[PDB]
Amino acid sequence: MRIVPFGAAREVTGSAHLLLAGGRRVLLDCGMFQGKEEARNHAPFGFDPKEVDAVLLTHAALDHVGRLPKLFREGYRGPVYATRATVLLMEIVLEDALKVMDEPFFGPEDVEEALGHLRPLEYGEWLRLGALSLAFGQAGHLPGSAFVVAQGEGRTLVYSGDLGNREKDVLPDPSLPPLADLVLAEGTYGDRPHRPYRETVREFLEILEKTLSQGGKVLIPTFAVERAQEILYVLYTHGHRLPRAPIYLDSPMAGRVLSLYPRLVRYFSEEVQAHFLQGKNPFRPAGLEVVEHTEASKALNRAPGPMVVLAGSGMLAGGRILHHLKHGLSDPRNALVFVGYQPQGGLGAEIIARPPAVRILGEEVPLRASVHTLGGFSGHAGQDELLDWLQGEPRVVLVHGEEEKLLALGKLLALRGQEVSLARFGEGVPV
């Protein structure tokens, strides 16, 4: 039993890991590379796709399922396992990815083919390949998200996939992994813990009552997959005290994902499920409105507050959010609320630098609106949570994370008495 990193080595995108055991080949995830690494979705995998026996998907995000259609486009015809939640989500993530992409490295025939091989595998359901035993464990990072437990040849391996931030309320807490000979894990935030969730929410609510009470606009850059709906859920459970104002989810994509949420009730936390039982959708605060097209999206830039706006991209690469920022950053009464850390060098960071102006969409924009960064809405387990999850685990190979962040985690694990390594691309590791 060996596991071979084929993505997310000293980096956060590309997640794909080949497990060689029981005389079988099981591919754990198959995401694409993003941002600067995008061109690498064109390069080859590094293994023979036609030789793969089965595929397991930890969650529906593009950096975990994105290259799947390339796997089929290049031969593979085996089954692809994933929870029903990921199965349903995947279709929206993929269909959207096909429509949005400069140089697509796969076509509609591939997505179609890729989706046709999906087979439901729920938490605690065992898959039998050769003499290898596989099961999904609750990861709490996305509806239907999981980590992989693989046993065979008298040994146990655990592929964490992405672990969630247990302090939040939407998803159920990540399960502890069983004791394993080897643990391949992420370390997105191996360098630091997140600000507590409760105090992050209270701050969010103050910023909201403040700017809305003065007829101002609250601009919120958000990820369409699961960050948008979480903000909506916070707006819902606190709608009674917030000043009345429309909430524009300015994202067709976030809209599609949101419509799907009622079909996934079982994949949420107890708290969320209890709300649904009372017969009410807690992901739709009063006043929500899903803006479908450009014309209405731009009308908002010219319309007066009070209002709350959710738009992407979540890191300001592109999206409708830029347009909102362009016309709203100049008014001191508005407020920009980041609900996720902005990458260094990106426009976000540049904004947080709080200079006199910022270049957005070809023009220079005065920056008067207030700025707040609530890193506490993070979807990944922070360093402290990463440590508790990894406790008592003998050997650990880190993936998914910048080198520095991964190292900061390895140090602590090493001082704790655990054998740690930083996965290298192509270089398999023995379970």
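Note that residue numbering begins at 1 and tracks the sequence as displayed.
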The stretch carrying the higher mean Cα B factor in the deposited entry, 73-81 or 262-270, is 73-81
Higher of the two mean Cα B-factors (134-142, 149-157; per PDB record) comes from 149-157
The residue of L235, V93, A353, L184 with the maximal C-alpha B-factor according to the PDB record is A353
Top Cα B-factor in this entry, restricted to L171, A245, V309, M101, sits on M101
So, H372's CA B-factor, relative to its chain, sits in which third? The middle
So, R320's CA B-factor, relative to its chain, sits in which third? The middle
Here the Cα B-factor of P343, set against its chain, lands in the third termed highest
Temperature factor at the Cα of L336, chain-ranked in thirds, falls in the middle
Binned into thirds over the chain's modelled residues, the C-alpha B-factor of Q34 lands in the middle
